[PDB]
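Below: one structure, written as C-alpha cells.
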Amino acid sequence: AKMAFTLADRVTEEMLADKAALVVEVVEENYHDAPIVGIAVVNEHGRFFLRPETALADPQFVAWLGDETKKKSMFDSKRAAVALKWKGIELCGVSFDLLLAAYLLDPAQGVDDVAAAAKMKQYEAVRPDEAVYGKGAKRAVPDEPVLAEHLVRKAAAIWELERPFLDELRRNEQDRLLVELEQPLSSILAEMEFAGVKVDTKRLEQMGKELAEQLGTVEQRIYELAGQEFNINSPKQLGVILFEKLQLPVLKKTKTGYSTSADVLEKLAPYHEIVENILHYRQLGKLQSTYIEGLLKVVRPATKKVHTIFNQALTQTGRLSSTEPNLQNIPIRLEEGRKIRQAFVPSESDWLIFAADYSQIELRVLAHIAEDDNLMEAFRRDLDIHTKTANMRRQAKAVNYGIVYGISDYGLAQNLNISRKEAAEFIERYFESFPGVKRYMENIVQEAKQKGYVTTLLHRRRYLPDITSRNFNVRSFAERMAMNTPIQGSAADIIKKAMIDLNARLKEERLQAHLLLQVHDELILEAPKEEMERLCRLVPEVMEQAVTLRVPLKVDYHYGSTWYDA
DNA sequence: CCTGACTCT
DNA sequence: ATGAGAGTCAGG
Ligand SMILES: [Mn+2]
C-alpha cells in the first residue's frame, strides 16, 4: 500500500507518452452524459492525476486522447469513450481493455471493476470501486487526495496486469479474440450508443393514452367475471381469485404459492373465460409500464433520442445485453405490441430504417460444428428447417430449438399440449433425421466433463465446474449449458465479426449509413433513402461472409419509414 | 431487494 | 426435474 504519484495542476509533455495506462473515471452506472470526475495516467515517466476541467480543456491532451498512435491501456474503454463523446472529445488508440480481457478468460467471475480483475492475478494494491464510492444513497466521490490515489492505483494495476493477462489469453488461443474482435467491437458499440435511436414521442404518447383506456375496459371486465375487484398484477391476490374463489385446478405451484404463469393460465381456458382476459391484461399492462412509460422516461427530450448501453462483458455465452433501456426486447410477436416499433424512427428527414437478420443462424452453426450431413445438406439446398418442421412457423421454431438444446418429453408435451408419450416419440424421430446432432450433443457433454469447459468457433470459453456434480439438477443444468453454449456463443462470435467487417465496408464506400442496434442475430441501421439499394447488397453480403462455414449463412433484410415498417 | 410476471433472441 | 441466454416492471 505504498505508491507515489503527481497530483498535477497542468498537462505536461511526459504525460503524453506513446504508451500509457489511462483512467477516465465515470462513477454513474449509466455513463451517457455523465460527469468525468478524474483522470489518471501511468506511463514510463511516472504516475499522474489530472482534474478533468484542466485536462479536457487542454488542446495537447485532447489531441493526445484522439491520436491513434498514442496507445492506451484501460478498463472498460467503451465507458470512457462514450463519456468523452458527450464531452465533445474523441478517444483513439485503445490497445488493451482489462475488462474484456478478464471477461474472455472467465465470464463467470462477473468482473466489473479493476480490483476484481486484479484478483485473478493476486494483485491487491487497488481497492474495489464500491469501497471507495460507497453504495446507494451513500454513493459519493471522495476528497480529491482519496479519489486521486484510487484512480492512480487503478491505472497502475492496468499497467502491471496487461502482460499477465495477454500471456494467459495467448495460452488459451484468445489473444486475437480480444485484440481483433472484442476491442474493435467496443469502439463500434460506443458509436452506436452515442448515436442513439430517435423516438416519435407524439405517437408513443398517443398510443399510451389509447392503451390506458383499453386497459381500464379489460380491467373492469375481469372484475365482472371475477365478481370482485382485486389487483390483477399481484400473482398472490390473483391466485386467491383463481384457485380459491373460482376453484380452478392447481396445475403448478412455486416456492411462494400458486403459479399464474402464462403457460398455466392458457391451460385453464377450458374452465373459465377470465384467464384469457387476465393474460390479455398483463400483456397490455407490460406494454404501458415498460414500452410506453418506461421508454418515455429515458428519452432525452431535446433530441428525442434513446441511448442504450450494450453490456459487452456480462453474458455467459458471449452475447451482448442491452440496458436502460433494453432495445433488444421490443415487442414484435403480437400486432398489438409490434405497433410500439412505429415510434422508432430515423434521426434525419429522408432517412430510413434498414434491418437484416440471419436466418436460422444457430441451426446453421450447429450443422457446421456437429457436421451432421443431413442438416448440412438441408442448408446447402437453401431449405427452411423451421417451415419443414412446421403462427405455425413461429411455434415450430421453438420446437426445433427446444429439441436440439435438450427439451424433455415432459416439456415438449406441455408446450404443444400433446401427449407426453407422443412428445417422446417426436423427439426420437427428430434425432433419427439428424443423427449427427444427437452424436454431437452426446459428445460435447462428455468433453465438458473431461475438460471442465466448452469453447466456441472463435475460441470463446465457458467453464462448467458443476458438470460432474452428484446432484441431478445441478448436473443436468450444466450438461444443457454444454449443449447450448457453444452454439449460442458461436453465433455471437459471428455477428460480432460481421459488425466489424460491415463498419469497415461502410467507411471504404463512404456511406453515411450507420449501425443503431444489434439484437443478437439482427443488425439495425439507418441511412439516407438513396443508400437503400446499396445496403440491400452490402449489408447482407458482409454479414453472410463474416465467417465461412460448411454451410452457407443466409441473411434476410427489409427497410422502411420506421422500425415497424422495416 | 426478491419473485414472478411479460418481453426479446 | 423437465431447451438457453438476457432486462424491466409492480407487488410485497
Ligand atoms: Mn435470425
Side-chain angles (χ1 to χ4, degrees), chain A residues 107 135-136 230-239 252-265 278-295 297-298 308-311 314-334 336-338 340-341 357-362 366 394 397-415 420 423-424 427 430 441 462 471-489 491-492 495 517-523:
Chain A
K135 29 187 185 178
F230 65 105
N231 188 336
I232 307 159
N233 294 313
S234 171
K236 174 186 163 200
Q237 282 184 50
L238 172 61
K252 179 172 175 180
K253 276 189 183 185
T254 62
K255 148 176 63 176
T256 65
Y258 308 110
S259 180
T260 68
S261 68
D263 300 321
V264 170
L265 260 52
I278 289 161
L279 290 168
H280 191 203
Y281 181 85
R282 295 195 305 199
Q283 287 169 359
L284 296 174
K286 199 59 158 81
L287 289 186
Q288 187 73 303
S289 74
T290 304
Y291 304 103
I292 307 281
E293 293 167 356
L295 190 61
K297 285 179 182 176
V298 295
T308 193
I309 285 171
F310 288 106
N311 194 325
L314 181 148
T315 75
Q316 293 309 299
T317 54
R319 281 192 167 182
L320 304 177
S321 78
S322 170
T323 58
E324 203 158 277
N326 188 346
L327 301 177
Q328 296 179 319
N329 75 340
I330 304 299
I332 198 174
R333 178 177 107 254
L334 304 180
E336 213 165 45
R338 192 178 195 156
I340 290 295
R341 294 179 175 224
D357 72 87
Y358 285 107
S359 191
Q360 319 151 92
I361 187 70
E362 277 179 12
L366 171 61
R394 224 194 66 257
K397 282 171 170 179
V399 177
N400 284 312
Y401 288 116
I403 294 178
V404 298
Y405 292 131
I407 199 174
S408 67
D409 64 331
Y410 181 89
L412 184 60
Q414 300 282 319
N415 179 277
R420 194 166 168 187
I427 291 161
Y430 197 93
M441 290 306 185
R462 189 182 185 178
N471 182 273
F472 173 86
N473 272 247
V474 171
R475 187 175 60 256
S476 286
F477 272 92
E479 294 178 352
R480 292 196 293 274
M481 291 176 188
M483 303 169 189
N484 171 265
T485 282
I487 313 306
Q488 186 185 111
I495 188 157
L517 304 171
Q518 177 261 37
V519 190
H520 306 308
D521 58 15
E522 302 175 5
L523 292 184

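Below, all heavy atoms of this structure are taken into account, side chains as well, without hydrogens, waters or symmetry copies. Throughout, a chain's letter reflects where its sequence line sits, starting with A, and its residues are numbered from 1.
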Go through residues 286-294 of chain A and report each residue with a non-hydrogen atom lying under 4.0 Å from DNA chain B, sorted by number.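 Hits under 4.0 Å, by residue number: A/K286, A/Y291.
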Would you tell me if any nitrogen or oxygen in the side chain of [X] comes within less than 4.0 Å of OP1 or OP2 on [N]?
X      : N      : value
A/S408 : C/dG3  : yes
A/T315 : C/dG5  : no
A/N231 : C/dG11 : yes
A/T254 : B/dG4  : yes
A/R480 : C/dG3  : no
A/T256 : B/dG4  : yes
A/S234 : C/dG12 : yes
A/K236 : C/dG11 : no
A/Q328 : C/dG5  : no

Mind checking what makes side-chain contact (heavy atoms from CB on, under 4.5 Å) contact with A/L334, not counting sequence neighbours?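 Per chain and number, A/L334 pairs via side-chain contact (heavy atoms from CB on, under 4.5 Å) with A/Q283.
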With A/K252, which residues qualify under side-chain contact (heavy atoms from CB on, under 4.5 Å), at least two apart?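 Residues passing side-chain contact (heavy atoms from CB on, under 4.5 Å) with A/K252: A/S259, A/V264.
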Could you tell me how far apart [X] ([atom1]) and [N] ([atom2]) are, to the nearest whole angstrom?
X      : N      : atom1 : atom2 : result
A/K255 : B/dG4  : NZ    : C1'   : 10 Å
A/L238 : C/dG12 : CG    : P     : 11 Å
A/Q283 : C/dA10 : CD    : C1'   : 17 Å
A/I340 : C/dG7  : CD1   : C1'   : 16 Å
A/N415 : C/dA1  : CG    : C1'   : 17 Å
A/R338 : B/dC8  : CZ    : P     : 10 Å
A/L412 : C/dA4  : CG    : P     : 14 Å
A/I330 : B/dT7  : CD1   : P     : 12 Å

Picking from C/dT8, B/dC6, C/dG3, which would you name as closest to the side chain of A/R282?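 Looking only at side-chain atoms, A/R282 lies closest to B/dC6.
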Looking only at the side chain of A/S261 (C-beta and beyond, no hydrogens), which of the listed nucleotides C/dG5, C/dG3, B/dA5 gets closest?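 For A/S261, the side-chain atoms sit closest to B/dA5.
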Intermediate values then yes/no, side-chain contact (heavy atoms from CB on, under 4.5 Å), A/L523 and A/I495: CA-CA 8 Å; A/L523 292 184; A/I495 188 157; 4.0 Å; yes
Using the P atom in both, what is the distance from C/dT2 to B/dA5, to the nearest Å?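 So the two P atoms sit 15 Å from each other.
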Not counting sequence neighbours, which residues clear side chain to side chain donor-acceptor pair (under 3.5 Å) with [X]? List them please.
X      : result
A/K286 : A/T290
A/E336 : A/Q214, A/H280
A/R333 : none

Would you mind classifying the nucleic acid contact of [X] as base, sugar-phosphate or nothing, using non-hydrogen atoms under 4.0 angstrom?
X      : result
A/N326 : sugar-phosphate
A/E324 : sugar-phosphate
A/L314 : sugar-phosphate
A/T485 : nothing
A/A262 : sugar-phosphate
A/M481 : sugar-phosphate
A/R462 : sugar-phosphate

Do A/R420 and A/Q414 have side chains that approach each other closer than 4.5 Å (heavy atoms only, starting at C-beta)?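 Contact flag for A/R420/A/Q414 side chains = no.
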Looking at A/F477, I'd like to know if the NZ or CZ of A/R480 sits under 6.0 Å from its six-membered ring centre while staying within 45 degrees of the ring's axis.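 Yes, a cation-pi geometry.
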Quick check on C/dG5: from the sign of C1'-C2'-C3'-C4', north or south pucker?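 Of the two classes, C/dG5 takes north, because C1'-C2'-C3'-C4' is positive.
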Where does the sugar of C/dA6 land, north (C3'-endo side) or south (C2'-endo side), based on the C1'-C2'-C3'-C4' torsion?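 A north-puckered sugar, given its positive torsion.
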Please lay out, stage by stage, how A/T317 and A/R462 fare under the test side-chain contact (heavy atoms from CB on, under 4.5 Å). CA-CA 7 Å; A/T317 54; A/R462 189 182 185 178; 4.2 Å; yes
